[PDB]
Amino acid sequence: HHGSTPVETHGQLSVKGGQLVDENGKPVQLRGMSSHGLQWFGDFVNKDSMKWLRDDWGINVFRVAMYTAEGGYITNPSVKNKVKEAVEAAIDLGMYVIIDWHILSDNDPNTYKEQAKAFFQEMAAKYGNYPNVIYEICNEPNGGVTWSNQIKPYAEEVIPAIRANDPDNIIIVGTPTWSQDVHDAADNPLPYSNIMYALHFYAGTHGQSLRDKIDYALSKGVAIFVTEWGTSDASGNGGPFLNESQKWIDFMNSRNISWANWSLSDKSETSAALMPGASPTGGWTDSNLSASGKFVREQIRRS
């Protein structure tokens, strides 16, 4: 006997009729955690903390936020070793893993598109045969970067680079305005298989108007993955806004939208799940979790 794992249970994921489904074609919802930036909080990303999250929080997906700028991969490519550590841990543990090319201050994904293609080609060649892997090719386009003129052309360069090596694993594409404007993507979608579009919300800033954009996008037949959300405001402060977060969690459950919460770190942001000094290898009791972490853990443990 053994504890069943998410990948053992669900295998290769795909997008069918605008919905994430498993190898049996049955709907599946991933719920898990995102790291903070690997260049700052990578110590919290390892096989022990991922196993603890799987066993104690019930997560089935873990997202590694590999920043490009801000001391990330472009200037310090050694952070790729932490991505590889996390992917290999996810394989060992039967977990899904999101490899996130985490643009932010570099608000146009085209700025580092050559590095992105080479990085994703390497990851897809090494790990593309494993069902665990999900690619997230540009975290948050922002600042007036548009879908039709900037993001979609970027995706049309990166998707084939991945697909040449990994024909079937899911690719998630960011959307305008810090991955809010999923309606723009829905109106001009990528015509390739197993593509999803990212939506990011922060409960202290975003509410019904953003849920309305999501419902519009879903009505056009595209699939949405909330690869990042926080209980704080958009800037990482305030709250945590648990009443509004619950409305968002109930919405995502109703729409069978998968999600990852920011962040698995002890950063001085109210979205951070851990108290200062919490062990980087897991084993956290209630007192090691922030107000946000306690709530998120409870929500992932629910059915």
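Numbers follow the displayed sequence, beginning with 1.
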{"property": "Residue range whose averaged C-alpha B-factor is higher in the record, 250-258 or 31-39", "result": "250-258"}
{"property": "Stretch with the greater mean C-alpha B-factor as recorded in the entry, comparing 106-114 against 203-211", "result": "203-211"}
{"property": "Given 179, 132, 148, 227, the residue at which the Cα B factor reaches its maximum", "result": "148"}
{"property": "Top Cα B factor in the deposited entry, candidates 157, 184, 85, 140", "result": "184"}
{"property": "Residue 79 - which third its CA temperature factor falls in, relative to the rest of the chain", "result": "highest"}
{"property": "Third of chain Cα B-factors occupied by residue 12", "result": "lowest"}
{"property": "B-factor third for the C-alpha atom of residue 52 within its chain", "result": "lowest"}
{"property": "Third of the chain, ranked by Cα B-factor, where residue 275 sits", "result": "highest"}
{"property": "Where the record places residue 44 (Cα B-factor, split into thirds across the chain)", "result": "middle"}
